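Asker: I'd like to ask you about the structure that follows.
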Amino acid sequence: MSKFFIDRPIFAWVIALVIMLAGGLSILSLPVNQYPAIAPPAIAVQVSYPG
Amino acid sequence: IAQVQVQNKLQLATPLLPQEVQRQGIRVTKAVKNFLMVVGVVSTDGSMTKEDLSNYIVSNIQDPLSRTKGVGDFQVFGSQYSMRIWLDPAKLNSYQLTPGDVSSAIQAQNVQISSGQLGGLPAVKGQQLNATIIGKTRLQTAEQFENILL
Amino acid sequence: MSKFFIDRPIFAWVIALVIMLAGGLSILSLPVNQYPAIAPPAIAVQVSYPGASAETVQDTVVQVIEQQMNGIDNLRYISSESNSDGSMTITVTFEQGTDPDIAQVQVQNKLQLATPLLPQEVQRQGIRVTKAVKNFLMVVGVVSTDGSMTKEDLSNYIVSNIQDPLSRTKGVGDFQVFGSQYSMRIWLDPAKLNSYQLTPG
Amino acid sequence: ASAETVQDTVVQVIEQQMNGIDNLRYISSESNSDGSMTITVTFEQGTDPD
Amino acid sequence: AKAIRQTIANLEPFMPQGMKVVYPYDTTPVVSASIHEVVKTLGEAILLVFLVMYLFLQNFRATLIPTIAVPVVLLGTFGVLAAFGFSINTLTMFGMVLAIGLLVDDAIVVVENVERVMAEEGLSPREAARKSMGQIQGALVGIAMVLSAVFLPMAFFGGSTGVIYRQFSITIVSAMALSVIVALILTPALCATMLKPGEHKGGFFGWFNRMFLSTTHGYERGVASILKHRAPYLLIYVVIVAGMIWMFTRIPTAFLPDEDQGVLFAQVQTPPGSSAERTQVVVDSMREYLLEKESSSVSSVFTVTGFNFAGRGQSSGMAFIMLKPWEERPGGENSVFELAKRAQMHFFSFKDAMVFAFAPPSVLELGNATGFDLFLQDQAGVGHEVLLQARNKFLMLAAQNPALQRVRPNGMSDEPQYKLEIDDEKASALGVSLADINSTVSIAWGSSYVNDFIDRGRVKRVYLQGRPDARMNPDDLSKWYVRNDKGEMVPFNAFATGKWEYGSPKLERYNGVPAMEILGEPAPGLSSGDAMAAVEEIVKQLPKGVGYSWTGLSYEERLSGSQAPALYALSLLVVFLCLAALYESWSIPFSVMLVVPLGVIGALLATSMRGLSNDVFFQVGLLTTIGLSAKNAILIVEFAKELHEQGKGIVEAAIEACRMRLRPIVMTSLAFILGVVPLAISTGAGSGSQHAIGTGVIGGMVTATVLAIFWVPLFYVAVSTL
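Protein chains in written order, with the working numbering: chain A, 1 to 51; chain B, 52 to 201; chain C, 202 to 402; chain D, 403 to 452; chain E, 453 to 1174.
In structure tokens:
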């Protein structure tokens, strides 16, 4: 699969930096947080009964 | 859809609950265990007290940041102001009164009644005057709850 | 391999018109409209508290409801409005691409705990929560030809016979009649209500 | 209650107010002799029942 | 609308006598007429391209190959946009009309290639088809990558603009990919079946082809003045690029052009504190004007009193005006905008009421009028009257501002309201309890609700209110008597006086704090950013304690920003990358990357002198213009460099490539001209959309093709040799 690309290096470079370009556009839109949704979903039904 | 299923089964739960639990209304909220950030105000000059700070938070900070993104459920360390009436049992004995009588009188004074409208439809032929009659309004300051007559 | 796909011309005819046939089925299975989902999903909470003022409707219903619109996910801005004849609306507007039925579930859940704090008349008028967009789609308007029926006759006919089968159809989310149904009005004459030592109570 | 008591105080109120629910096919209702009530709202196919 | 008409069809046999159901207001026939108009213009575009190819080439069985390759790619585009779940609207149909040329070019390329090899060797189709597939098989996936790189990265944006450009992007890229695979699998296997291996025809059409060859030879000896004058034209090129950069400031930017709808609204609002008689008089005179004076463009006037879109009351009205359909009002003087302008000057002649006549926007779902809106709110609790004074200051300073136009309160002003003051201690000292006073007031004026009652098979309600003759003026608030605690009767004159005060009838709130609205629209020439900035200068002169906040479409267009420079930068970068992919070198594809301003100059000039602003359709037209001009220039540069690397000089291979390529380039250019013409000059429903997306494309492509076909080999030689 490389024998196409030893004869043609520029197309290999342009595949490489198209991947770099899509990744650089992906860096500037991902949310940066500490941990993923590890916690289970919980529902807290609550009411103040009087006195 | 988990909240949907929880308050689907809660609807079947509510008829066997007491009348008062039904008249009050119970609420369903997605629970988050940790606290992200505590936002609090202090008093630098020592002038305004603790309940003043809780009043200012619930009146003017809780509302403008609970609509924004990310801020879900929360918990206020304190509560807002309230026109708190302190009855006095000696002076209730002095006048042959009852706390039920004070309660009925205060439910009679600050009513916001729908007091109608001048020239409201259907109008007699030849009417040219229109004005929204404001009747009594519910009272606002301490000197206006102070003059409720029993 | 190669010669199984190159040598057969009507194999290509079949692939091209299977693409055409799937296109024809997909034409007759798509909607037709004018522009895609541009506007964000709104939701309106409206009730008509009769004989009131602007301040009365506001400080008895509107503030009591919108002090409990806290802790709703994907909310952009809440904007309410209270008129003078006694009717009002809270127009909650969510973010674009949110799910409108879970949205209506959350808004109804957060106003069912402000509903018992309302006046009794505001509760007995019937609080409506609809998810529909701001424009008027179409006006269905009935007209008497001979002239033997007045405005409120035609309005009664709409509310009593057109409104109830039309509000349940596939697509209609919010309606508004220009008028009212019949309601057996009782007009208190205060001279005769004075004559017998009686009150409106 | 009677049949027409339940029909005039419960069934017809809930039918007048239940307008505009998603994927609604037909609603049917009946008022019984011993005071009960049954409205069987039938949604169309593929509706997720929650 | 179909289900509503079916429900009224199931409810119509049970009408009473003389009960007709009419439809005064309806915004569905504009949608039906718009989709019928765009599918009709698609039909005549296909018919005109077929007619041009059949009259100019005079051979039926080679024209049959692209005119059967167009419905395959069309129906495939339908199926692919149906796979993601997107609806047939004006937007995807504009995508199909703009993709007609980009799908017809490839079929023209492969048909002319087999015609050329048929004229060269005339041998067996197998190995020659292998060779011709070897040339064009790389070229079609190359132009697929090129046009994907130039058009697809507008899909990765958010907002209303993001949804519109992802509709256009996946429509054009879907028609592109279907055109590539359909051409590759079908058009050699369709041109290789039933043809003849035409030449030397008699009479007039063959002599016309000789005249076309003579104009080609005149091109061949007219390009000598280009090739000898190798120095001068680069300064003219820099002049054109500098004119483009100057021209991007001239044409104002918008969102989407204000279309015709057949719908006009009128907002009646008397001097408030008025009754229903004055509003009914103004409403009936408006109806008489619109029915006897302007019946040539107004069908039916459905006037509602009490429900304008500002608020509600007794002193408001609104006329839902339905204009006649577009076959009864031809000509630019009977549009909804000219009817609005000719009605507004007469509505100024109504000296009684303040009547404002406005037309709804293009997208009805966004709002209910045109232009911007903002909610002037407070934060500290400065006071309702101070906020009303600040709103009046905002309105007068914006009406004196030459960057705005017809700013509105969208609300009601302060009017008299009767505050009766119950003398509390005197009333309770005379004996009457205060709950009886409140019950008497609320039931006698506020129209109380007691219980229900059934009638004729339906439970309705019972109300309870005083007479229409005992609440009409402050002298008749003394007719009501309230019972004492011992059976006596106490009037309201004993314990209730009256003071007229001040207040607004429509109170507004926004994010839990009081507010007032301001509606309006920018100047007829200025952009939306200039109206934004002008509001940003008016708000700075407000008192301390209030604050602006934007609403609706204004919230998006003020908070999101503009990612169009990032759009053009990323799109041109990655299409340069796919050109260096197609050419395997770095300095060569600048001779196509440089061509872009010479493409977009025609779109800029054509939308300048026609008065068509910048919107989403103008940018889609620029992208398709850039794509088709680059798609012509790359075939020029690719086949020229291929004939250079086959063993010949630069300029000679360039000249034989461009002379062999002039007939398909000008042929598909004129075919795309004839495609995009019948929507750029059309008259009907959906006018301004078709005018913008036709005018930009026609101007840009008409200058781009027949100027790049002169100048692309020029700086091709200037960047390959030097």
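No residue lacks a Cβ here, since even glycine has one placed at the ideal position from N, Cα and C.
Excluding the 5 residues flanking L180 (chain B) on each side, which residues of the same chain have their C-beta closer than 8 angstroms to its C-beta?
Answerer: Here residue 180 (chain B) refers to the residue found at position 129 of the second sequence. Correct list, in chain order: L169 and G170.
Asker: Fully enclosed by the stretch 55-134 of chain B, which alpha helix (DSSP H) runs are 4 residues long or longer?
Answerer: Taking only runs of at least 4 residues, the alpha helix (DSSP H) segments lying wholly in the stretch 55-134 of chain B are 70-75, 101-111 and 113-117.
Asker: Spell out the partners DSSP gives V233 (chain C) in its beta bridges.
Answerer: Here residue 233 (chain C) refers to the residue found at position 32 when the third sequence is read from its first residue. DSSP, once it has assigned bridges, lists E:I540 as partnering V233 (chain C).
Asker: Between the stretch 65-88 of chain B and chain A, which residues of the former have CB atoms less than 9 angstroms from a CB of the latter, in chain order?
Answerer: Result list: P69, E71, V72, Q75, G76, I77, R78, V79, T80, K81, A82, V83, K84 and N85.
Asker: Strictly by DSSP, which residues pair up with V715 (chain E)?
Answerer: The sequence position of residue 715 (chain E) within the fifth sequence is 263, counting from 1. According to DSSP, which records beta bridges pairwise, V715 (chain E) is partnered with E:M774.
Asker: Using a Cβ-Cβ cut-off of less than 9 angstroms, give me the residues of the stretch 368-393 of chain C that come near chain D, in sequence order.
Answerer: Taking 9 angstroms as the Cβ-Cβ cut-off against chain D, the residues of the stretch 368-393 of chain C that qualify are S368, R369, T370, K371, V373, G374, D375 and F376.
Asker: Please go through the same chain and pick out, in chain order, the residues whose beta-carbon is closer than 6 angstroms to the beta-carbon of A22 (chain A), but skip the five residues on each side of it.
Answerer: Residue numbering aside, residue 22 (chain A) sits at position 22 when the first sequence is read from its first letter. Hits under 6 angstroms: none found.
Asker: Taking a cut of 9 angstroms between CB atoms, which residues from the stretch 176-191 of chain B lie near chain F?
Answerer: No chain F is part of this structure, whose protein chains are labelled A, B, C, D and E.
Asker: Provide the residue span of the alpha helix (DSSP H) that contains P1049 (chain E), from first to last.
Answerer: Position 597 of the fifth sequence, counted from the start, is the residue given in the question as residue 1049 (chain E). Where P1049 (chain E) is concerned, the enclosing alpha helix (DSSP H) stretches over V1048 to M1061.
Asker: With DSSP run on the structure shown, which of helix, strand or coil describes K393 (chain C)?
Answerer: For this step, residue 393 (chain C) is matched to residue 192 along the third sequence. DSSP places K393 (chain C) in helix when its eight states are reduced to three.
Asker: Checking 8 angstroms against the spacing of the C-beta atoms, do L599 (chain E) and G1148 (chain E) come in under that value?
Answerer: Mapped onto the fifth sequence, residue 599 (chain E) falls at position 147. Mapped onto the fifth sequence, residue 1148 (chain E) falls at position 696. Taking 8 angstroms as the Cβ cut-off, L599 (chain E) and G1148 (chain E) do not qualify as a contacting pair.
Asker: Check whether the Cβ atoms of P242 (chain C) and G918 (chain E) sit closer than 8 angstroms, and answer yes or no.
Answerer: To locate residue 242 (chain C), count along the third sequence from 1; it is residue 41. To locate residue 918 (chain E), count along the fifth sequence from 1; it is residue 466. Their beta carbons are not under 8 angstroms apart, which means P242 (chain C) does not touch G918 (chain E) by this criterion.
Asker: Give me the Cβ distance between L1074 (chain E) and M1045 (chain E), rounded to the nearest whole Å; I'm assuming they're in contact under 8 angstroms.
Answerer: Against the fifth sequence, residue 1074 (chain E) aligns to sequence position 622. Against the fifth sequence, residue 1045 (chain E) aligns to sequence position 593. With a Cβ gap of about 16 angstroms, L1074 (chain E) and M1045 (chain E) do not count as contacting.
Asker: Just the C-alpha distance for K371 (chain C) and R329 (chain C), rounded to the nearest angstrom, thanks.
Answerer: Taking the third sequence and counting its residues from 1, one reaches residue 371 (chain C) at position 170. Taking the third sequence and counting its residues from 1, one reaches residue 329 (chain C) at position 128. Looking at the two C-alpha atoms, the distance is approximately 18 angstroms.
Asker: Using the C-alpha atoms, what's the distance from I10 (chain A) back to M646 (chain E)?
Answerer: Counting from one through the fifth sequence, the residue named residue 646 (chain E) turns up at place 194. Counting from one through the first sequence, the residue named residue 10 (chain A) turns up at place 10. So the alpha carbons of these two residues sit roughly 42 angstroms apart.
Asker: So, residue 215 (chain B) versus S94 (chain B), is the Cβ gap smaller than 8 angstroms?
Answerer: Lying outside 52 to 201, the shown extent of chain B, residue 215 (chain B) is not represented and no answer is given.
Asker: Where do the N-terminal and C-terminal ends of the beta strand (DSSP E) with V175 (chain B) fall, by residue?
Answerer: Numbered from 1 along the second sequence, position 124 holds the residue referred to as residue 175 (chain B). Counting along the chain, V175 (chain B) falls outside any beta strand (DSSP E), and DSSP gives it neither H nor E.
Asker: If the cut-off is 8 angstroms on Cβ atoms, which residues from the stretch 289-303 of chain C count as contacting chain D, listed in chain order?
Answerer: If the cut-off is 8 angstroms between Cβ atoms, the stretch 289-303 of chain C has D302 near chain D.
Asker: Counting only C-beta atoms, is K912 (chain E) closer than 8 angstroms to chain C at any point?
Answerer: Along the fifth sequence, read from residue 1 onward, the residue named residue 912 (chain E) stands at position 460. By this cut-off, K912 (chain E) is an interface position.
Asker: Going along the chain, which residues of the stretch 958-978 of chain E sit with their C-beta nearer than 7 angstroms to a C-beta in chain C?
Answerer: Those residues of the stretch 958-978 of chain E that come within reach of chain C (Cβ to Cβ, closer than 7 angstroms) are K958, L959, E960, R961, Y962, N963 and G964.
Asker: Helix, strand or coil for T705 (chain E)? Go by DSSP, reduced to three states.
Answerer: Taking the first residue of the fifth sequence as position 1, residue 705 (chain E) is located at position 253. Three-state result, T705 (chain E): strand.
Asker: To the nearest angstrom, how far is the alpha carbon of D557 (chain E) from that of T1120 (chain E)?
Answerer: Within the fifth sequence, residue 557 (chain E) is the residue found at index 105, counting from 1. Within the fifth sequence, residue 1120 (chain E) is the residue found at index 668, counting from 1. Straight-line Cα distance between these residues: approximately 6 angstroms.
Asker: Quick one: what's got a C-beta closer than 8 angstroms to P401 (chain C)'s C-beta in the same chain, skipping five residues either side?
Answerer: Within the third sequence, the letter at position 200 stands for residue 401 (chain C). Answer for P401 (chain C): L389 and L394, listed in chain order.
Asker: Which residues in the same chain have their Cβ closer than 7 angstroms to the Cβ of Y933 (chain E), if we skip the five residues on either side of it in sequence?
Answerer: On the fifth sequence, residue 933 (chain E) is found 481 positions in, with the first residue counted as 1. The answer, listed in chain order, is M941, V942 and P943.
Asker: Could you check whether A855 (chain E) and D982 (chain E) sit closer than 8 angstroms to each other, using their CB atoms as the reference points?
Answerer: For this step, residue 982 (chain E) is matched to residue 530 along the fifth sequence. For this step, residue 855 (chain E) is matched to residue 403 along the fifth sequence. Going by C-beta atoms, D982 (chain E) is nearer than 8 angstroms to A855 (chain E).
Asker: My output table needs one value for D710 (chain E): the three-state DSSP class, helix, strand or coil.
Answerer: Along the fifth sequence, read from residue 1 onward, the residue named residue 710 (chain E) stands at position 258. Coil.
Asker: If you run the structure through DSSP and keep just helix, strand and coil, what is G972 (chain E)?
Answerer: Reading the fifth sequence from its first residue, position 520 is the one you call residue 972 (chain E). Note: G972 (chain E) maps to strand in three-state DSSP.
Asker: How many Å lie between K1093 (chain E) and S1039 (chain E) at the Cα?
Answerer: One-based indexing of the fifth sequence puts residue 1093 (chain E) at position 641. One-based indexing of the fifth sequence puts residue 1039 (chain E) at position 587. Near 13 angstroms, if we compare the C-alpha coordinates of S1039 (chain E) and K1093 (chain E).
Asker: If we ignore side chains and look at the alpha-carbon of each, how far apart do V308 (chain C) and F295 (chain C) end up?
Answerer: By one-based count along the third sequence, residue 308 (chain C) stands at place 107. By one-based count along the third sequence, residue 295 (chain C) stands at place 94. So the alpha carbons of these two residues sit roughly 11 angstroms apart.
Asker: Under 7 angstroms Cβ-Cβ, which residues of chain D neighbour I906 (chain E)?
Answerer: Along the fifth sequence, one-based indexing puts residue 906 (chain E) at 454. Neighbours of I906 (chain E) on chain D, chain order: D410.
Asker: Would you please state the rounded distance, in angstroms, between the beta carbons of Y617 (chain E) and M606 (chain E)? I believe it to be under 8 angstroms.
Answerer: Sequence index remark: in the fifth sequence, residue 617 (chain E) carries index 165 (1-based). Sequence index remark: in the fifth sequence, residue 606 (chain E) carries index 154 (1-based). With a Cβ gap of about 4 angstroms, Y617 (chain E) and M606 (chain E) count as contacting.
Asker: Please go through the same chain and pick out, in chain order, the residues whose beta-carbon is closer than 7 angstroms to the beta-carbon of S626 (chain E), but skip the five residues on each side of it.
Answerer: Taking the first residue of the fifth sequence as position 1, residue 626 (chain E) is located at position 174. Only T529, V532 and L533 meet the Cβ criterion.
Asker: Pull up the CB-CB distance for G374 (chain C) and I359 (chain C), whole angstroms please, since I reckon it's below 8 angstroms.
Answerer: Numbered from its first residue, the third sequence carries residue 374 (chain C) at position 173. Numbered from its first residue, the third sequence carries residue 359 (chain C) at position 158. About 18 angstroms separates the two Cβ atoms, so there is no contact after all.
Asker: Within the continuous alpha helix (DSSP H) that includes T1135 (chain E), where are the two ends?
Answerer: In the fifth sequence, counting from the first residue as 1, residue 1135 (chain E) sits at position 683. No alpha helix (DSSP H) contains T1135 (chain E), which DSSP labels as neither H nor E.
Asker: Listing by chain order, which chain C residues have their CB less than 8 angstroms from the CB of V55 (chain B)?
Answerer: Residue numbering aside, residue 55 (chain B) sits at position 4 when the second sequence is read from its first letter. Residues of chain C passing the Cβ test: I303 and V306.
Asker: Alpha carbon to alpha carbon, how far is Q297 (chain C) from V561 (chain E)? Give it in angstroms, no decimals.
Answerer: Counting from 1 along the fifth sequence, the entry for residue 561 (chain E) is found at position 109. Counting from 1 along the third sequence, the entry for residue 297 (chain C) is found at position 96. Cα-Cα distance, rounded: 44 angstroms.
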